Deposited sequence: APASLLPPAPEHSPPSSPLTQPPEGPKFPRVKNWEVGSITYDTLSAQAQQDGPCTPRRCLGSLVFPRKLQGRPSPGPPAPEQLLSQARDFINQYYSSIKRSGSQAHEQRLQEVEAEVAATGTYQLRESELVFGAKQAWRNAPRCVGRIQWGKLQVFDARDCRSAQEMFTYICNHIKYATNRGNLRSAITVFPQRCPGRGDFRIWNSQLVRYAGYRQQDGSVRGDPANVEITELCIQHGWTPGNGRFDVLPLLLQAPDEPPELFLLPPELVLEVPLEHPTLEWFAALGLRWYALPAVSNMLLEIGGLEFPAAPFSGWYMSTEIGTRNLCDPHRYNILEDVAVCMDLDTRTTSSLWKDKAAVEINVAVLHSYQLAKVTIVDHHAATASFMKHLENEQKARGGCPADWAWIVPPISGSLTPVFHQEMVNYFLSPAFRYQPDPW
């Protein structure tokens, strides 16, 4: 009943006893596995009680007098108002745990180091924009990136929601044509046409930084431009292919995801943007080489004078590696924090070891932990994993439109 977990490189065996505490059900059944799919009152009280019990257990104040007082407080608040309020310390712990619980995050070695900005007093999109700019400023830190989350007011009944319509704080526009294709990032064609309708006059470049569509409850969203000095970017060059710089490729320093819902003790924060730093394959492999993203692989291979008319020359593999080399080199030259996929998967193995001792396992999504190049060259390829949902959690949520 406790799954056996084997590492095939070393032969080590562990047992995931944590999977028993999985609060929610995932998409798989004994009949069929859907692990590869991207998108798989008294009720509030039971989740709220569960989280408080987690928190006090985690500070060794379990069952003490402060534990019961907080339990009765949430009872009264929910009866009085329909909801309740986290103490600032509970919010901090709950955000760290939602990161710690994210099965698809290879960066969780860092989970204990997260700057939490409490923006639960926010109202209006103008204040929203100020909190976000402070977050971006703090997290970018002149290239020495620091992990941070900003928590905007929770959802509650009768009232609208706070939403960041952009999937990330920094996104490059994507524009379609009468020739059908996209110039810029195809991933952002939708948010680009939304920003246009809500005021923004569009650029025409391959890396036009999008504005922010920030939404206060019930109010339509307001359009905000980001101070260019706030948005650190890294122009991409290669250490030995001197023509690589002339492709005009660039990427931004700060990955800051703004469209996920943070859930803590049954509360729901539809706007809680978090940022850390990049793993280099996210940029060099997925963002630049995916067929449905910038799709630059063949351009680079033509410049490397590779034989592209036969798959078996491995021209795709060679071009991809050099693009990832360029990313690592360009970020290091610019003194912007970045981690290559070998270092990051090595640290995730350590995190698996630490979590086994900390709580008897660790939820992990193999398909997302294994890097998209050089999979089996990294230790996580050889590591069996168990995926399950724990709360607090980061969850997907529907688009505000």
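Visitor: Just jot down which stretches of the deposited chain sequence have no CA coordinates, in the order they come.
Guide: Counting from residue 1, the stretches without coordinates are 1-26, 67-79.
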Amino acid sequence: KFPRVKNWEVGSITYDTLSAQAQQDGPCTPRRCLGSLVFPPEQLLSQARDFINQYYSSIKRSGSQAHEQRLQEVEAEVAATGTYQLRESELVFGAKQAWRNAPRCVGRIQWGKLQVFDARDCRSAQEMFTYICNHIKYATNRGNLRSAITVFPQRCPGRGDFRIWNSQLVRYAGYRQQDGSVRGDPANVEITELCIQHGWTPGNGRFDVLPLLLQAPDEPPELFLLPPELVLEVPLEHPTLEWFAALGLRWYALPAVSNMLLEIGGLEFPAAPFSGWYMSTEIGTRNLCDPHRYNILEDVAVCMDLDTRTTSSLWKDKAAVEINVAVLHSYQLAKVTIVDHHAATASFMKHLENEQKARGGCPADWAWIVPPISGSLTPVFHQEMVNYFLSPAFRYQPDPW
From here on, numbers count along this sequence of modelled residues.
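In this text, the rigid core denotes the largest set of C-alpha atoms whose superposition between the two forms falls within 1.5 Å.
Visitor: Using the rigid core for superposition, please say which stretch has the greater CA deviation in 7 other deposited structures of this protein, 170-178 or 148-156.
Guide: The more displaced stretch in 7 other deposited structures of this protein turns out to be 170-178.
Visitor: Quick one: with the core lined up, is it 69-77 or 278-286 that wanders further in 7 other deposited structures of this protein, going by C-alpha RMS?
Guide: Per-stretch check in 7 other deposited structures of this protein: the more divergent one is 69-77.
Visitor: Between us, would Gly63 come up missing in a third or more of the other compared entries?
Guide: Comparison shows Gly63 kept in all of the other entries.
Visitor: Answer yes if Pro40 is missing coordinates in at least a third of the other compared entries, and no if every one of them models it.
Guide: Across the compared entries, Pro40 is left out in at least a third.
Visitor: With respect to the recorded C-alpha B factors, which stretch has the higher mean value, 273-281 or 71-79?
Guide: Between 71-79 and 273-281, it is 71-79 that shows the higher mean C-alpha B-factor.
Visitor: If you average the Cα B factors in the entry, which is higher, 90-98 or 174-182?
Guide: Mean C-alpha B-factor is greater for 174-182.
Visitor: Sorting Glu242, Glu233, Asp121, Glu322 by Cα temperature factor from the record, which one lands on top?
Guide: If I rank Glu242, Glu233, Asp121, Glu322 by C-alpha B-factor, first place goes to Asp121.
Visitor: Go through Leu212, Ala187, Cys105, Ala326 one by one and give the residue whose Cα B-factor in the PDB entry is largest.
Guide: Reading the PDB entry, the winner on C-alpha B-factor is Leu212.
Visitor: Place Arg61 in the lowest, middle or highest third of its chain's C-alpha B-factors, as listed in the PDB entry.
Guide: Highest third of the chain for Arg61's C-alpha B-factor.
Visitor: Should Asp317 be placed in the lowest, middle or highest third of its chain by the C-alpha B factor in the entry?
Guide: Tercile = lowest for this residue's CA B-factor.
Visitor: Looking at the temperature factor on the CA atom of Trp8, which third of the chain's modelled residues does it land in?
Guide: According to the entry, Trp8 has a C-alpha B-factor in the chain's lowest third.
Visitor: Among all modelled residues of this chain, ranked by Cα B factor, put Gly26 in the bottom, middle or top third, i.e. lowest, middle or highest.
Guide: It belongs to the middle third of the chain when residues are ordered by C-alpha B-factor.
Visitor: Can you work out whether the C-alpha temperature factor of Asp299 puts it in the lowest, middle or highest third of the chain?
Guide: It falls in the bottom third of the chain.
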